[PDB]
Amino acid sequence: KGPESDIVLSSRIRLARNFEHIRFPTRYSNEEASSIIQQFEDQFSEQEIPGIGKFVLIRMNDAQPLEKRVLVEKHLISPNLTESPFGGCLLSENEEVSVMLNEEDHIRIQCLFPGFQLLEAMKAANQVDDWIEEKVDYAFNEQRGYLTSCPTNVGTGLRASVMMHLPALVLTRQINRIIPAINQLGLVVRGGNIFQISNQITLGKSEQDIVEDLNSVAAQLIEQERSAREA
């Protein structure tokens, strides 16, 4: 499903956020960790945002182990959070929009869509962002931006990813020239024919500029893989 289902496997948007007045997961107490996940149960767990759907909180404490396996596989949570006591996943019925809680940051919003639809995913994630912001005091600073545990995330707190299947570009030996070009363009690639492309930096650019550039480059890859298949 999704635009370019043949080529792009998915489009991912991730927004890291922390409570202003609560210690980051590096030093916060268990009571602090518990309050965040209760504040999410109370104010978000049975709530609809229109167009995105109903969210339902999964407390990891209450979650069966194989349930956590499926959440890991489906990419709704990360492996560290399976053993996290107060970790949680606030998930839409659609399972496309999720809000991971008490992992590296207090909050990590995720939009994972099928096609090549970065912007739809940006738009959706900024909605969940503003929604949570209505009732949660974000750890923000007008000069440095959103404040996160790692400095690799500070600023926009946005990590944007596109997953692409490019068999023909591997076969044509083109792939060897393209990875060097991606890097010099402010993006990073990782891995038999599946590549994931994300933004390098999170400070000094706007979120529009981040998604814009990632989208532009992904678009040209889409046209190159299609041209290599026609060959």
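For every residue, the number given is its place in the sequence shown, counted from 1.
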_So residue 191 and residue 192 are neighbours in the shown sequence, but is anything from the deposited sequence left out between them? Give the count as none, 1 to 3, 4 to 9, or 10 or more._
4 to 9
_When the Cα temperature factors in the entry are averaged, is it 218-226 or 9-17 that ends up higher?_
218-226
*Would you determine, from the values in the PDB entry, which of 98-106 and 141-149 has the greater average C-alpha temperature factor?*
141-149
*Going by the deposited entry, which of 203, 175, 58, 33 has the highest CA temperature factor?*
175
*Out of 82, 161, 156, 127, which residue has the highest Cα temperature factor in the PDB record?*
82
*asked:* For the chain shown, is the CA B-factor of residue 196 in the lowest, middle or highest third of its modelled residues?
replied: middle
*Thinking about Cα B factors across the chain, which third does residue 184 belong to?*
middle
*Would you mind checking where the Cα B-factor of residue 26 ranks among the modelled residues of its chain, as the lowest, middle or highest third?*
lowest
_By the recorded C-alpha temperature factor, relative to the other modelled residues in its chain, which third is residue 39 in?_
lowest
